[PDB]
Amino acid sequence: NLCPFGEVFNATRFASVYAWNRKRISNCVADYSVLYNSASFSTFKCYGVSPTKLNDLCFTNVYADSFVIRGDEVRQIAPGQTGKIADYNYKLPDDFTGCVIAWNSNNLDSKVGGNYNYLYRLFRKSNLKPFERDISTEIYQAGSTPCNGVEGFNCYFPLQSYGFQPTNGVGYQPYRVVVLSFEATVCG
């Protein structure tokens, strides 16, 4: 059978970056050339192997991670990067061996007056391990006083809301990202 990229890339709604959705892909044949010969991606870079030469290759399992971030933040989706997304939302390992795919989704994810469904983790005590997924909504203690589940000065809700409006600058507009990690049941 063919691998279910259709339900990942053409999905109706994507997840918030802090709760990035992961799909495991196994026991199928995957044509990667139909993805790279679409030309409808603003970013599609591979770390580890060329796309045209990974269609000639097999892997035990293939993971597909998807989320929505800012255009200015699609840099941080790469090995060895720093920033609010790479540090507190979605980290790739230094020895990453997959492909990062992103495209502009302003027409779908931004509405007049602001779209606020998509969130990101702004406050965190320490950096994420690679492929860690944090969903805790514990109030963040930014001072010397216990916060105690109630917000206020130095007591902040860790997840902040994106403000996607269609008038935003390109880099500030929503972008959908798909991260294909390779680690034998998937071939081409």
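Each form is matched to the other, and the largest set of C-alpha atoms that superpose within 1.5 Å is called the rigid core. In this text, residue numbers run from 1 along the sequence as written.
Core-aligned, which moves more in 6 other deposited structures of this protein: 52-60 or 120-128, by CA RMS?
When 52-60 and 120-128 are compared in 6 other deposited structures of this protein, 52-60 lies farther out.
Higher C-alpha RMS shift from the shown form in 6 other deposited structures of this protein - 30-38 or 63-71, rigid core fit:
Looking at 63-71 and 30-38 in 6 other deposited structures of this protein, the bigger mover is 30-38.
In the deposited sequence, how many residues between residue 183 and residue 184 have no modelled coordinates (none, 1 to 3, 4 to 9, 10 or more)?
In the deposited sequence, 4 to 9 residues between these two have no coordinates.
Mean C-alpha B-factor comparison - 62-70 and 38-46, higher one
Higher of the two, by average CA B-factor, is 38-46.
Taking the recorded C-alpha temperature factors, which stretch has the higher mean, 113-121 or 84-92?
Mean CA B-factor is higher for 113-121.
Checking the record values for 28, 135, 128, 139, which has the greatest CA B factor?
Among 28, 135, 128, 139, the highest C-alpha B-factor in the entry belongs to 28.
Looking at the temperature factor on the CA atom of residue 154, which third of the chain's modelled residues does it land in?
Ranked within chain, residue 154 CA B lands in the middle tercile.
Assigned third (lowest, middle, highest) for the C-alpha B factor of residue 12:
Tercile = highest for this residue's CA B-factor.
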